[PDB]
Amino acid sequence: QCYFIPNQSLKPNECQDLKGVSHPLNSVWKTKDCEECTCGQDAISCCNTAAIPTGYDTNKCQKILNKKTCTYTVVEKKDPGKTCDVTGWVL
């Protein structure tokens with residue numbers, strides 16, 4: 001559920017992101033994707049922390065991750081203006 005990113009920094013104590021922003025080593029910060037990224041050395045370990053809903057109608061519903069508030073939502077593929085049904089997310 002996670003994925004490594006090749007750090008673009010020449011600093012062994014700081015990792016550089018795509019936005020050119022650097023973070024202190026062993027530090028865990030969060031981005032727009034409300035993910036958790038830790039600066040190792042030459043590779044940042046990032047992972048998704050957005051709760052994934054389940055139990056919805058796979059034939060009458062879909063999962064769309066909103067980047068506005070960084071949270072999962074489920075709407076009727078037939079009705080994108082309405083919600084579905086979830087029995088409990090997972091992470």
# chains A, B, ... in the order shown; residues from 1 in each chain; ligands from 1
>>> select_by_dssp(residues="chain A", states="strand (DSSP E or B)", output="MDAnalysis selection string")
chainID A and resid 2:6 14:16 22:24 28:30 36:39 43:47 52 62:66 71:76 79:83 90
>>> write_last_selection(atoms="C-alpha atoms", output="short mmCIF file (atom, residue, chain, number, x, y, z; two decimals), in the first residue's frame")
data_model
loop_
_atom_site.label_atom_id
_atom_site.label_comp_id
_atom_site.auth_asym_id
_atom_site.auth_seq_id
_atom_site.Cartn_x
_atom_site.Cartn_y
_atom_site.Cartn_z
CA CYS A 2 3.14 2.17 0.03
CA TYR A 3 5.82 3.21 -2.46
CA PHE A 4 9.40 4.48 -2.39
CA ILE A 5 10.41 7.73 -4.10
CA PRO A 6 14.02 8.46 -5.29
CA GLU A 14 17.53 16.04 4.37
CA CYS A 15 15.32 14.76 1.57
CA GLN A 16 13.97 16.93 -1.24
CA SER A 22 13.15 19.74 2.23
CA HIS A 23 12.45 17.99 5.54
CA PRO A 24 14.77 16.89 8.43
CA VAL A 28 7.54 12.16 9.15
CA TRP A 29 5.58 14.91 7.37
CA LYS A 30 2.32 14.94 5.43
CA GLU A 36 3.06 9.73 5.48
CA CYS A 37 6.55 10.27 4.10
CA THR A 38 9.79 9.63 6.00
CA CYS A 39 13.14 10.93 4.84
CA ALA A 43 14.83 7.41 -0.95
CA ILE A 44 11.71 8.75 0.75
CA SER A 45 9.32 6.11 2.10
CA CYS A 46 5.79 7.32 1.37
CA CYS A 47 2.48 5.65 2.12
CA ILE A 52 -10.55 3.04 2.21
CA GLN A 62 -17.34 3.65 -6.95
CA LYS A 63 -14.51 4.94 -4.75
CA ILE A 64 -13.13 8.42 -5.45
CA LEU A 65 -10.38 10.03 -3.35
CA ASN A 66 -10.98 13.74 -2.91
CA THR A 71 -10.53 11.71 2.27
CA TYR A 72 -12.28 8.84 0.50
CA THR A 73 -15.87 9.16 -0.64
CA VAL A 74 -18.28 6.78 -2.36
CA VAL A 75 -20.98 7.83 -4.82
CA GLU A 76 -23.39 6.01 -7.07
CA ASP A 79 -25.55 9.18 -9.39
CA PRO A 80 -22.26 11.09 -8.74
CA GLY A 81 -24.27 13.64 -6.76
CA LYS A 82 -25.29 11.06 -4.13
CA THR A 83 -23.47 8.83 -1.64
CA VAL A 90 -9.70 -0.11 6.37
#
>>> closest_residue(among="A:1, A:9, A:87, A:31", to="residue 54 in chain A", atoms="only C-alpha atoms")
A:87
>>> closest_residue(among="A:60, A:19, A:67, A:11", to="residue 34 in chain A", atoms="only C-alpha atoms")
A:67
>>> atom_distance(atom1="CA of residue 69 in chain A", atom2="CA of residue 40 in chain A")
27.3 Å
>>> atom_distance(atom1="CA of residue 35 in chain A", atom2="CA of residue 49 in chain A")
5.3 Å
>>> atom_distance(atom1="CA of residue 68 in chain A", atom2="CA of residue 84 in chain A")
19.5 Å
>>> closest_residue(among="A:50, A:77, A:8, A:89", to="residue 21 in chain A", atoms="only C-alpha atoms")
A:8
>>> closest_residue(among="A:78, A:32, A:7, A:12", to="residue 57 in chain A", atoms="only C-alpha atoms")
A:78
